[PDB]
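What follows is the content of work27.cif, which has mmCIF, N, CA, C and O atoms:
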```cif
data_start
#
loop_
_atom_site.label_atom_id
_atom_site.label_comp_id
_atom_site.auth_asym_id
_atom_site.auth_seq_id
_atom_site.Cartn_x
_atom_site.Cartn_y
_atom_site.Cartn_z
N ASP W 1 0.82 -1.17 0.00
CA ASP W 1 0.00 0.00 0.00
C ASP W 1 0.86 1.23 0.00
O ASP W 1 0.56 2.16 -0.72
N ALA W 2 1.95 1.27 0.76
CA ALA W 2 2.80 2.45 0.77
C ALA W 2 3.45 2.61 -0.57
O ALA W 2 3.67 3.72 -1.05
N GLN W 3 3.81 1.48 -1.17
CA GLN W 3 4.47 1.43 -2.44
C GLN W 3 3.50 1.79 -3.52
O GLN W 3 3.88 2.52 -4.42
N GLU W 4 2.25 1.33 -3.45
CA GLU W 4 1.30 1.70 -4.47
C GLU W 4 0.95 3.15 -4.28
O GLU W 4 0.86 3.90 -5.24
N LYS W 5 0.81 3.58 -3.03
CA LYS W 5 0.53 4.96 -2.74
C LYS W 5 1.68 5.77 -3.26
O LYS W 5 1.46 6.85 -3.78
N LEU W 6 2.91 5.25 -3.16
CA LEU W 6 4.06 5.92 -3.71
C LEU W 6 3.91 5.96 -5.19
O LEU W 6 4.03 7.02 -5.78
N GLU W 7 3.56 4.87 -5.85
CA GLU W 7 3.50 4.96 -7.30
C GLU W 7 2.44 5.98 -7.68
O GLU W 7 2.61 6.72 -8.65
N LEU W 8 1.38 6.06 -6.90
CA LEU W 8 0.30 6.99 -7.11
C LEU W 8 0.66 8.40 -6.68
O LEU W 8 0.11 9.35 -7.21
N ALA W 9 1.53 8.56 -5.68
CA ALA W 9 1.95 9.87 -5.20
C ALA W 9 2.99 10.39 -6.15
O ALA W 9 3.10 11.59 -6.36
N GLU W 10 3.75 9.47 -6.72
CA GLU W 10 4.76 9.77 -7.69
C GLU W 10 4.00 10.10 -8.94
O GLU W 10 4.38 11.01 -9.66
N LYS W 11 2.92 9.37 -9.22
CA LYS W 11 2.10 9.67 -10.36
C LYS W 11 1.44 11.00 -10.12
O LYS W 11 1.45 11.85 -10.99
N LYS W 12 0.93 11.23 -8.92
CA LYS W 12 0.32 12.49 -8.63
C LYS W 12 1.35 13.57 -8.77
O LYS W 12 1.01 14.65 -9.20
N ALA W 13 2.59 13.32 -8.34
CA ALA W 13 3.66 14.28 -8.48
C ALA W 13 3.97 14.48 -9.93
O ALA W 13 4.26 15.59 -10.33
N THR W 14 3.90 13.42 -10.71
CA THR W 14 4.17 13.46 -12.13
C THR W 14 3.12 14.29 -12.79
O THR W 14 3.43 15.12 -13.64
N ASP W 15 1.87 14.09 -12.41
CA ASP W 15 0.75 14.80 -12.96
C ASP W 15 0.71 16.20 -12.41
O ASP W 15 0.40 17.12 -13.14
N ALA W 16 1.04 16.37 -11.14
CA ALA W 16 1.02 17.69 -10.54
C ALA W 16 2.10 18.49 -11.19
O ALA W 16 1.86 19.64 -11.52
N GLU W 17 3.25 17.87 -11.44
CA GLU W 17 4.38 18.49 -12.09
C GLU W 17 4.08 18.67 -13.55
O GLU W 17 4.52 19.65 -14.15
N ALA W 18 3.38 17.71 -14.17
CA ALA W 18 2.99 17.85 -15.56
C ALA W 18 2.08 19.03 -15.66
O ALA W 18 2.10 19.76 -16.64
N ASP W 19 1.25 19.21 -14.63
CA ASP W 19 0.36 20.33 -14.56
C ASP W 19 1.16 21.55 -14.18
O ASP W 19 0.89 22.61 -14.68
N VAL W 20 2.22 21.44 -13.38
CA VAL W 20 2.99 22.64 -13.11
C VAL W 20 3.55 23.10 -14.41
O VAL W 20 3.49 24.28 -14.70
N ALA W 21 4.13 22.19 -15.18
CA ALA W 21 4.73 22.50 -16.45
C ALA W 21 3.72 22.91 -17.52
O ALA W 21 4.01 23.82 -18.31
N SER W 22 2.55 22.27 -17.54
CA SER W 22 1.53 22.57 -18.53
C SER W 22 0.88 23.88 -18.18
O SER W 22 0.49 24.64 -19.06
N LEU W 23 0.76 24.15 -16.89
CA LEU W 23 0.21 25.40 -16.50
C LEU W 23 1.28 26.42 -16.65
O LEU W 23 1.00 27.47 -17.15
N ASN W 24 2.54 26.11 -16.35
CA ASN W 24 3.55 27.14 -16.48
C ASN W 24 3.54 27.56 -17.91
O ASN W 24 3.55 28.75 -18.19
N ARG W 25 3.41 26.60 -18.81
CA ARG W 25 3.27 26.93 -20.20
C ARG W 25 2.04 27.81 -20.39
O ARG W 25 2.16 28.87 -20.99
N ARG W 26 0.89 27.40 -19.86
CA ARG W 26 -0.33 28.18 -20.01
C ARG W 26 -0.29 29.53 -19.32
O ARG W 26 -0.88 30.47 -19.83
N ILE W 27 0.36 29.63 -18.16
CA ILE W 27 0.43 30.87 -17.43
C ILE W 27 1.26 31.77 -18.25
O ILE W 27 0.91 32.93 -18.42
N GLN W 28 2.35 31.25 -18.78
CA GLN W 28 3.21 32.04 -19.61
C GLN W 28 2.47 32.41 -20.86
O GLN W 28 2.63 33.53 -21.32
N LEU W 29 1.65 31.52 -21.40
CA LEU W 29 0.90 31.87 -22.59
C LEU W 29 -0.10 32.96 -22.28
O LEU W 29 -0.26 33.85 -23.10
N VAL W 30 -0.75 32.92 -21.11
CA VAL W 30 -1.66 33.99 -20.80
C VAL W 30 -0.89 35.25 -20.46
O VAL W 30 -1.39 36.32 -20.72
N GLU W 31 0.31 35.14 -19.87
CA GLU W 31 1.12 36.32 -19.61
C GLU W 31 1.57 36.94 -20.90
O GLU W 31 1.54 38.16 -21.03
N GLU W 32 1.95 36.12 -21.88
CA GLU W 32 2.37 36.62 -23.16
C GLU W 32 1.20 37.19 -23.91
O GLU W 32 1.31 38.26 -24.50
N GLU W 33 0.06 36.52 -23.83
CA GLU W 33 -1.12 36.99 -24.50
C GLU W 33 -1.60 38.23 -23.77
O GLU W 33 -2.14 39.13 -24.41
N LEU W 34 -1.43 38.29 -22.45
CA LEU W 34 -1.76 39.48 -21.70
C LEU W 34 -0.87 40.60 -22.11
O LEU W 34 -1.36 41.69 -22.38
N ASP W 35 0.44 40.37 -22.23
CA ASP W 35 1.28 41.45 -22.66
C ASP W 35 0.82 41.88 -24.02
O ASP W 35 0.75 43.08 -24.27
N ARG W 36 0.44 40.93 -24.89
CA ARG W 36 -0.05 41.29 -26.20
C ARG W 36 -1.36 42.05 -26.11
O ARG W 36 -1.54 43.00 -26.86
N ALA W 37 -2.28 41.66 -25.22
CA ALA W 37 -3.54 42.37 -25.06
C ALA W 37 -3.27 43.78 -24.56
O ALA W 37 -3.94 44.71 -24.97
N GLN W 38 -2.27 43.93 -23.68
CA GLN W 38 -1.86 45.21 -23.12
C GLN W 38 -1.17 46.07 -24.16
O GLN W 38 -1.29 47.29 -24.13
N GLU W 39 -0.39 45.45 -25.04
CA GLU W 39 0.29 46.15 -26.12
C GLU W 39 -0.72 46.56 -27.16
O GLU W 39 -0.66 47.68 -27.68
N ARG W 40 -1.68 45.67 -27.44
CA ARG W 40 -2.75 45.94 -28.36
C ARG W 40 -3.62 46.99 -27.75
O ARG W 40 -4.16 47.82 -28.48
N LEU W 41 -3.79 46.97 -26.43
CA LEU W 41 -4.56 47.97 -25.71
C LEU W 41 -3.84 49.28 -25.77
O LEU W 41 -4.43 50.28 -26.14
N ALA W 42 -2.54 49.31 -25.51
CA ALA W 42 -1.82 50.56 -25.60
C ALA W 42 -1.94 51.11 -27.01
O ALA W 42 -2.05 52.32 -27.20
N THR W 43 -1.92 50.21 -28.00
CA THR W 43 -2.04 50.56 -29.39
C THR W 43 -3.44 51.07 -29.70
O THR W 43 -3.57 52.08 -30.37
N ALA W 44 -4.47 50.37 -29.21
CA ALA W 44 -5.85 50.76 -29.43
C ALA W 44 -6.12 52.07 -28.76
O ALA W 44 -6.89 52.86 -29.28
N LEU W 45 -5.51 52.29 -27.60
CA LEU W 45 -5.66 53.51 -26.85
C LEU W 45 -4.92 54.63 -27.53
O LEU W 45 -5.40 55.75 -27.56
N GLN W 46 -3.74 54.34 -28.10
CA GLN W 46 -3.06 55.38 -28.82
C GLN W 46 -3.83 55.70 -30.08
O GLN W 46 -3.96 56.87 -30.43
N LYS W 47 -4.38 54.68 -30.75
CA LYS W 47 -5.18 54.89 -31.93
C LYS W 47 -6.45 55.58 -31.56
O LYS W 47 -6.95 56.39 -32.34
N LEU W 48 -6.99 55.27 -30.39
CA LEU W 48 -8.18 55.91 -29.89
C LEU W 48 -7.87 57.35 -29.67
O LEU W 48 -8.67 58.19 -30.05
N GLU W 49 -6.72 57.65 -29.09
CA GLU W 49 -6.36 59.03 -28.89
C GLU W 49 -6.17 59.67 -30.24
O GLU W 49 -6.61 60.78 -30.43
N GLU W 50 -5.58 58.99 -31.22
CA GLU W 50 -5.40 59.60 -32.53
C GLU W 50 -6.72 59.84 -33.24
O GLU W 50 -6.90 60.87 -33.87
N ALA W 51 -7.65 58.89 -33.14
CA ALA W 51 -8.96 58.97 -33.76
C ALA W 51 -9.82 59.99 -33.08
O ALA W 51 -10.51 60.78 -33.72
N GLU W 52 -9.74 60.01 -31.77
CA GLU W 52 -10.50 60.92 -30.97
C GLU W 52 -9.89 62.27 -31.13
O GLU W 52 -10.61 63.25 -31.14
N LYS W 53 -8.56 62.34 -31.24
CA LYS W 53 -7.89 63.61 -31.42
C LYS W 53 -8.21 64.07 -32.81
O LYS W 53 -8.36 65.26 -33.04
N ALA W 54 -8.29 63.16 -33.77
CA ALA W 54 -8.66 63.59 -35.09
C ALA W 54 -10.05 64.17 -35.01
O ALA W 54 -10.31 65.23 -35.57
N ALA W 55 -10.93 63.53 -34.24
CA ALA W 55 -12.26 64.05 -34.09
C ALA W 55 -12.27 65.37 -33.35
O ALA W 55 -12.98 66.28 -33.74
N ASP E 1 10.76 3.00 3.64
CA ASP E 1 11.28 3.63 2.47
C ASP E 1 10.13 3.93 1.54
O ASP E 1 10.09 5.00 0.97
N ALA E 2 9.16 3.04 1.41
CA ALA E 2 8.02 3.34 0.56
C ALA E 2 7.27 4.52 1.15
O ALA E 2 6.77 5.35 0.41
N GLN E 3 7.20 4.58 2.48
CA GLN E 3 6.53 5.63 3.22
C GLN E 3 7.30 6.93 3.15
O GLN E 3 6.69 7.99 3.08
N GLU E 4 8.62 6.87 3.18
CA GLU E 4 9.42 8.07 3.06
C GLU E 4 9.34 8.56 1.63
O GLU E 4 9.25 9.75 1.40
N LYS E 5 9.38 7.62 0.68
CA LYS E 5 9.27 7.94 -0.72
C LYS E 5 7.89 8.47 -0.96
O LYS E 5 7.72 9.34 -1.80
N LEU E 6 6.89 7.93 -0.26
CA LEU E 6 5.52 8.38 -0.32
C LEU E 6 5.38 9.75 0.24
O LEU E 6 4.68 10.56 -0.34
N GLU E 7 5.99 10.03 1.38
CA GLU E 7 5.88 11.35 1.94
C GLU E 7 6.61 12.30 1.03
O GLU E 7 6.13 13.39 0.76
N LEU E 8 7.74 11.87 0.50
CA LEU E 8 8.48 12.70 -0.39
C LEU E 8 7.75 12.93 -1.67
O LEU E 8 7.74 14.05 -2.14
N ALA E 9 7.16 11.88 -2.27
CA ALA E 9 6.40 11.96 -3.50
C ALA E 9 5.15 12.75 -3.27
O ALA E 9 4.69 13.47 -4.15
N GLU E 10 4.60 12.64 -2.06
CA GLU E 10 3.44 13.40 -1.71
C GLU E 10 3.89 14.83 -1.66
O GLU E 10 3.17 15.69 -2.13
N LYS E 11 5.09 15.08 -1.15
CA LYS E 11 5.62 16.42 -1.15
C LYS E 11 6.07 16.83 -2.54
O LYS E 11 5.99 17.99 -2.90
N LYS E 12 6.50 15.90 -3.38
CA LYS E 12 6.86 16.32 -4.72
C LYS E 12 5.58 16.83 -5.32
O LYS E 12 5.58 17.86 -5.98
N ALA E 13 4.49 16.11 -5.07
CA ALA E 13 3.17 16.46 -5.53
C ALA E 13 2.61 17.66 -4.81
O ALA E 13 1.91 18.43 -5.44
N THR E 14 2.88 17.82 -3.52
CA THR E 14 2.38 18.93 -2.72
C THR E 14 3.09 20.18 -3.14
O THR E 14 2.49 21.25 -3.14
N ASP E 15 4.38 20.08 -3.41
CA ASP E 15 5.16 21.20 -3.84
C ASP E 15 4.81 21.46 -5.28
O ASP E 15 4.54 22.59 -5.64
N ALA E 16 4.68 20.41 -6.09
CA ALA E 16 4.25 20.57 -7.46
C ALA E 16 2.85 21.10 -7.42
O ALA E 16 2.45 21.87 -8.29
N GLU E 17 2.07 20.69 -6.43
CA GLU E 17 0.73 21.20 -6.32
C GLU E 17 0.79 22.63 -5.87
O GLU E 17 0.05 23.45 -6.36
N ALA E 18 1.68 22.97 -4.95
CA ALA E 18 1.79 24.34 -4.51
C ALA E 18 2.19 25.22 -5.68
O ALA E 18 1.73 26.35 -5.78
N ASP E 19 3.04 24.68 -6.55
CA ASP E 19 3.53 25.38 -7.71
C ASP E 19 2.47 25.45 -8.76
O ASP E 19 2.31 26.50 -9.36
N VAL E 20 1.69 24.39 -8.96
CA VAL E 20 0.68 24.50 -9.97
C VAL E 20 -0.40 25.37 -9.41
O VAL E 20 -1.04 26.06 -10.16
N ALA E 21 -0.64 25.30 -8.10
CA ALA E 21 -1.64 26.11 -7.45
C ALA E 21 -1.22 27.56 -7.55
O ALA E 21 -2.07 28.41 -7.80
N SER E 22 0.07 27.84 -7.41
CA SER E 22 0.57 29.19 -7.56
C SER E 22 0.33 29.60 -8.97
O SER E 22 -0.16 30.70 -9.23
N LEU E 23 0.65 28.70 -9.89
CA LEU E 23 0.42 28.92 -11.28
C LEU E 23 -1.05 29.01 -11.58
O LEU E 23 -1.44 29.89 -12.31
N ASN E 24 -1.89 28.22 -10.94
CA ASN E 24 -3.30 28.31 -11.21
C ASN E 24 -3.77 29.67 -10.75
O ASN E 24 -4.56 30.31 -11.42
N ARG E 25 -3.24 30.15 -9.63
CA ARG E 25 -3.63 31.47 -9.21
C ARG E 25 -3.13 32.47 -10.23
O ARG E 25 -3.87 33.36 -10.61
N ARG E 26 -1.92 32.27 -10.75
CA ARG E 26 -1.39 33.14 -11.77
C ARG E 26 -2.18 33.02 -13.06
O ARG E 26 -2.36 34.01 -13.74
N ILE E 27 -2.69 31.85 -13.42
CA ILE E 27 -3.38 31.82 -14.69
C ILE E 27 -4.69 32.48 -14.46
O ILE E 27 -5.12 33.28 -15.26
N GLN E 28 -5.29 32.28 -13.31
CA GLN E 28 -6.56 32.90 -13.07
C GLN E 28 -6.43 34.40 -13.03
O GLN E 28 -7.24 35.09 -13.62
N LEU E 29 -5.37 34.91 -12.42
CA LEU E 29 -5.17 36.34 -12.33
C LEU E 29 -4.67 36.96 -13.61
O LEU E 29 -5.09 38.06 -13.97
N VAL E 30 -3.79 36.26 -14.30
CA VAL E 30 -3.23 36.77 -15.52
C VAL E 30 -4.21 36.62 -16.62
O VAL E 30 -4.34 37.54 -17.40
N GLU E 31 -4.84 35.46 -16.74
CA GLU E 31 -5.85 35.24 -17.73
C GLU E 31 -7.00 36.17 -17.42
O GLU E 31 -7.60 36.73 -18.33
N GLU E 32 -7.30 36.42 -16.14
CA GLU E 32 -8.35 37.37 -15.90
C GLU E 32 -7.90 38.70 -16.44
O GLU E 32 -8.68 39.36 -17.11
N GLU E 33 -6.64 39.08 -16.24
CA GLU E 33 -6.16 40.30 -16.84
C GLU E 33 -6.09 40.20 -18.35
O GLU E 33 -6.25 41.20 -19.03
N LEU E 34 -5.83 39.03 -18.90
CA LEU E 34 -5.79 38.84 -20.34
C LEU E 34 -7.13 39.24 -20.85
O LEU E 34 -7.23 39.95 -21.84
N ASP E 35 -8.17 38.73 -20.20
CA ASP E 35 -9.53 39.01 -20.57
C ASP E 35 -9.92 40.41 -20.23
O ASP E 35 -10.70 41.01 -20.95
N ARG E 36 -9.40 40.96 -19.15
CA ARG E 36 -9.71 42.33 -18.81
C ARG E 36 -8.97 43.22 -19.77
O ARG E 36 -9.46 44.27 -20.13
N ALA E 37 -7.75 42.84 -20.14
CA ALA E 37 -6.97 43.63 -21.06
C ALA E 37 -7.60 43.50 -22.41
O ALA E 37 -7.62 44.46 -23.16
N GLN E 38 -8.13 42.31 -22.71
CA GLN E 38 -8.79 42.05 -23.96
C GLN E 38 -10.10 42.78 -24.00
O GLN E 38 -10.56 43.17 -25.06
N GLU E 39 -10.76 42.89 -22.85
CA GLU E 39 -12.01 43.61 -22.74
C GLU E 39 -11.75 45.09 -22.78
O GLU E 39 -12.53 45.84 -23.38
N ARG E 40 -10.67 45.52 -22.14
CA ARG E 40 -10.28 46.92 -22.15
C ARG E 40 -9.94 47.23 -23.60
O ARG E 40 -10.27 48.30 -24.12
N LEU E 41 -9.27 46.27 -24.23
CA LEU E 41 -8.91 46.39 -25.62
C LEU E 41 -10.14 46.43 -26.45
O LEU E 41 -10.29 47.32 -27.26
N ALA E 42 -11.08 45.52 -26.22
CA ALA E 42 -12.27 45.56 -27.01
C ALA E 42 -12.94 46.88 -26.80
O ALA E 42 -13.43 47.47 -27.75
N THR E 43 -12.89 47.39 -25.58
CA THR E 43 -13.47 48.66 -25.27
C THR E 43 -12.74 49.75 -26.01
O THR E 43 -13.38 50.60 -26.61
N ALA E 44 -11.41 49.73 -25.99
CA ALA E 44 -10.61 50.73 -26.67
C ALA E 44 -10.85 50.68 -28.16
O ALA E 44 -10.85 51.72 -28.82
N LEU E 45 -11.03 49.48 -28.70
CA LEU E 45 -11.26 49.26 -30.11
C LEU E 45 -12.65 49.67 -30.50
O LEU E 45 -12.84 50.21 -31.58
N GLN E 46 -13.63 49.42 -29.65
CA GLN E 46 -14.99 49.82 -29.91
C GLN E 46 -15.05 51.32 -29.82
O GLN E 46 -15.72 51.97 -30.63
N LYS E 47 -14.33 51.88 -28.85
CA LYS E 47 -14.24 53.31 -28.70
C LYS E 47 -13.50 53.85 -29.88
O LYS E 47 -13.83 54.93 -30.33
N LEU E 48 -12.50 53.12 -30.38
CA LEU E 48 -11.76 53.53 -31.54
C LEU E 48 -12.67 53.55 -32.73
O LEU E 48 -12.67 54.52 -33.47
N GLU E 49 -13.51 52.54 -32.89
CA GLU E 49 -14.41 52.58 -34.02
C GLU E 49 -15.30 53.79 -33.90
O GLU E 49 -15.48 54.50 -34.88
N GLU E 50 -15.78 54.08 -32.70
CA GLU E 50 -16.64 55.23 -32.54
C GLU E 50 -15.87 56.53 -32.68
O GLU E 50 -16.40 57.50 -33.20
N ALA E 51 -14.61 56.55 -32.23
CA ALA E 51 -13.73 57.69 -32.33
C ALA E 51 -13.39 57.95 -33.77
O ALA E 51 -13.18 59.09 -34.16
N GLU E 52 -13.28 56.88 -34.56
CA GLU E 52 -13.03 57.01 -35.98
C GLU E 52 -14.30 57.45 -36.65
O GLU E 52 -14.25 58.27 -37.56
N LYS E 53 -15.46 56.97 -36.19
CA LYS E 53 -16.69 57.45 -36.76
C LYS E 53 -16.80 58.92 -36.43
O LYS E 53 -17.23 59.69 -37.26
N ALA E 54 -16.40 59.29 -35.21
CA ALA E 54 -16.37 60.66 -34.76
C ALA E 54 -15.32 61.41 -35.54
O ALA E 54 -15.49 62.57 -35.84
N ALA E 55 -14.20 60.76 -35.87
CA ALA E 55 -13.21 61.46 -36.65
C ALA E 55 -13.83 61.79 -37.97
O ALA E 55 -13.72 62.91 -38.43
#
```
structure tokens encoding of this file:
Amino acid sequence: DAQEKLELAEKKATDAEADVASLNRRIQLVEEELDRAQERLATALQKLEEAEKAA
Amino acid sequence: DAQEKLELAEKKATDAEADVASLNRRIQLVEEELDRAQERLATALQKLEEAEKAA
């Protein structure tokens, strides 16, 4: 039982770590996409200022 | 040893869990900002369309 629990805890660690890595990938993807949304936002806001300023 | 490996693997998983949990908090917060930035962006872009119509 300790050994199976170990294989399962190791599996859980494997999966938790797979999830750490898969999420780290995803967190980074949302951080990168966030930076892009923020850059696009700064761009949209600058364009908004240009359009609004044109107006 | 199975029990120590189990406690350790449980901790590999607990730490991996703490890390994925940290990451899950980061994806939730960053992705929430991705979406808020995307929404702010959509807002800036919608405002841009209106600002351009106003232009």
Practice item. Might you pull out every residue within 7 Å of residue 27 (chain E), with only N, CA, C and O atoms counted and same-chain residues fewer than 4 positions away left off, and present them as an MDAnalysis selection string? Key: (chainID W and resid 23 26:27 30) or (chainID E and resid 20:23 31:34)
Review point. Can you list, as number ranges by chain, every protein, DNA or RNA residue that comes within 6 Å of region 43-45 of chain W when you count all atoms listed in the file, leaving out same-chain residues fewer than 4 positions away?
Key: W: 38-39, 49-50; E: 44-45, 48
Determine, for each residue of chain W having at least one atom at most 4.5 Å from an atom of chain E, the closest pair of atoms and their separation in Å to one decimal, counting all atoms listed in the file; order by chain and ascending number, as a Markdown table.
```
| residue | atom | partner | partner_atom | distance |
| --- | --- | --- | --- | --- |
| W:2 | O | E:2 | O | 3.8 |
| W:6 | CA | E:6 | CA | 4.4 |
| W:9 | O | E:9 | O | 3.3 |
| W:13 | CA | E:13 | CA | 3.7 |
| W:16 | O | E:16 | O | 4.0 |
| W:20 | CA | E:20 | CA | 4.3 |
| W:34 | CA | E:34 | CA | 4.3 |
| W:37 | O | E:37 | O | 4.1 |
| W:44 | O | E:44 | O | 4.1 |
| W:51 | O | E:51 | O | 3.2 |
| W:52 | N | E:51 | O | 4.3 |
| W:54 | C | E:55 | CA | 4.5 |
| W:55 | CA | E:55 | CA | 3.8 |
```
